[PDB]
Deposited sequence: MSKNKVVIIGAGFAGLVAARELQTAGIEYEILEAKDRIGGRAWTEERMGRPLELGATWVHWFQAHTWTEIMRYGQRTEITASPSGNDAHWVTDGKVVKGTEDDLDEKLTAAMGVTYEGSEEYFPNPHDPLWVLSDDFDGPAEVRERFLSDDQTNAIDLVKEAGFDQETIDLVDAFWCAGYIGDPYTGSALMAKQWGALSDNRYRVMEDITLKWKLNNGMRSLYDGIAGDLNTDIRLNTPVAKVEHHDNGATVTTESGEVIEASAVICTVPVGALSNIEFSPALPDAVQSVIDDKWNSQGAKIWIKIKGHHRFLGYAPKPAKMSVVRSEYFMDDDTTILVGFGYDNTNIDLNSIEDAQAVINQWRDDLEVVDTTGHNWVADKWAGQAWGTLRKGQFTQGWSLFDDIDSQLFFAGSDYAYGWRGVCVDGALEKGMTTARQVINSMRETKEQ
């Protein structure tokens, strides 16, 4: 009676929540698998996360699922103390990881600089624009101005030198999963607000703890709780919200309400009748700022490596992640432009490593191009200029659920999908009561 489109974390958790409340549901999943943009799979000799990877106990929704499905102790920190390399003026600079972090810490201090006035409650991101806002006019003006400013311009304008600029440029190529110069700096400021405004905490939350048993231990857990079979290989083609849903084969399914978790980068596969609001339609057409890609590279030997490179490098942040039995290292990498790298080309993977070193030898590589993926069309959702205040909040019988619309760790984190999936089901629940 309630139709959930997509079996990623938002869809699975919404179904479990409806089930709790005794409401009939059905999940229609385009792919032949569950997990969506979280995808644990054996590649290159071990389970690797092709999408979502890191977790933290300060992420409320993720951490309760970690507790629920038995992974409390089953988390491991990514290697630290790497030999660090960063490109800053056509040149490769060699340092320690702590050397890099302290440069990034001071720049982050400036980047967060008004989060305390914007986000007293870091989970009320649009409070400044609320009728309830009790602050001065000049804070609302700085807020809107920040939505139209990118995060690197904030560091440039504070007088930092070119070294620190290319470091933040590389950082946000990875963080904004695409071109950071088109991004909204209010995203970065809210990550600060959710991280006690400390670079170190922000990295502990987003870039440290991995699930020993992968994301699949969680989404297999949620799916294992459901008493209604997920209909895989059932891509949705049309949605009528007056609700009626039409699959690609032409099957028609009737429903009291529709919870659509299809990411924006993939909504163009579905026709809506009536059409979507013009405001929301312009977001879909502009979509999100996530055009980048994530790679897994394997090299010869055991090397503790960290590398940073600004736009337009193939990869902006690359880091050792696993030391393997056969004297190899698996590194992870994040880059701003999915179309500048073939994630499964040993030669393109070598050119990534060649950004910093001419003595490290790639022997394998792999990745999934989420942006080119029909059912995704993006990496993790990040914000263009103007999308903090006129973007993710515009998607509020038809409900949109997904990390990209979350109040808290929006887009970038499974925490956001688990948040928004659950609260969107509550909207359904509340209105049926």
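Peer 1: Map the modelled residues onto the deposited sequence and report the uncovered stretches in sequence order.
Peer 2: Several regions go unmodelled: 1-4, 247-249, 404-407, 445-449.
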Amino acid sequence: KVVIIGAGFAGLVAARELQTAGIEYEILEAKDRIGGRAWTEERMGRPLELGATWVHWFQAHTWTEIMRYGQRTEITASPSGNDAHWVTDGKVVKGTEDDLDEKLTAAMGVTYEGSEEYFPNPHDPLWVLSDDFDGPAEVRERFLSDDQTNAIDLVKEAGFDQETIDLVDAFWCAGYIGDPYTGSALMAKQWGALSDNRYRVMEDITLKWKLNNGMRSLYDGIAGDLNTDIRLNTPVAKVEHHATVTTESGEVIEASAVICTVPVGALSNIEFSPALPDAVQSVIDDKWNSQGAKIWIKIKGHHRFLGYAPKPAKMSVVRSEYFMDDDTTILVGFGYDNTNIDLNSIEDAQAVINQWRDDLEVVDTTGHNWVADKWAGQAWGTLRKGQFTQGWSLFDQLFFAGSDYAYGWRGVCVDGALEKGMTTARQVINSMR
From here on, numbers count along this sequence of modelled residues.
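We call the rigid core whatever largest set of C-alpha positions still superposes within 1.5 Å between the two forms.
Peer 1: Aligning on the core, I want to see which stretch wanders more in 6 other deposited structures of this protein. Is it 100-108 or 245-253 by C-alpha RMS?
Peer 2: The stretch that sits farther from the shown form in 6 other deposited structures of this protein is 245-253.
Peer 1: Please pick 79-87 or 305-313, whichever has its Cα atoms farther from the shown form in 6 other deposited structures of this protein after a rigid core fit.
Peer 2: Result of the core-fitted comparison in 6 other deposited structures of this protein: 79-87 deviates more.
Peer 1: As stated in the PDB record, which stretch has the larger average Cα B-factor, 108-116 or 131-139?
Peer 2: Between 108-116 and 131-139, it is 131-139.
Peer 1: Tell me which of 25-33 and 59-67 has the higher mean C-alpha B-factor in the deposited entry.
Peer 2: The deposited B-factors put 25-33 ahead on the C-alpha mean.
Peer 1: Sort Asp348, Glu254, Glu74, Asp196 by C-alpha B-factor from the entry and give me just the highest.
Peer 2: Max CA B-factor in the entry, restricted to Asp348, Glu254, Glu74, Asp196: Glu254.
Peer 1: Whose C-alpha has the highest temperature factor in the PDB entry: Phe305, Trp209, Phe323, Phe171?
Peer 2: In the PDB entry, the greatest C-alpha B-factor among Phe305, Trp209, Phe323, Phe171 is found at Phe323.
Peer 1: Split into thirds by Cα B-factor across the chain's modelled residues, where does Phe399 land: lowest, middle or highest?
Peer 2: Highest third of the chain for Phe399's C-alpha B-factor.
Peer 1: What third of its chain, lowest, middle or highest, does the C-alpha temperature factor of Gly90 fall into?
Peer 2: Top third by C-alpha B-factor.
Peer 1: Using the B-factors in the PDB entry, rank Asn233's C-alpha atom against the chain and give the third, lowest, middle or highest.
Peer 2: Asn233: CA B-factor falls in the highest third of its chain.
Peer 1: Check where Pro274 lands among this chain's C-alpha B-factors and tell me if it's the lowest, middle or highest third.
Peer 2: Highest third.
Peer 1: For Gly178, does the deposited CA B-factor place it in the lowest, middle or highest third of the chain?
Peer 2: It falls in the bottom third of the chain.
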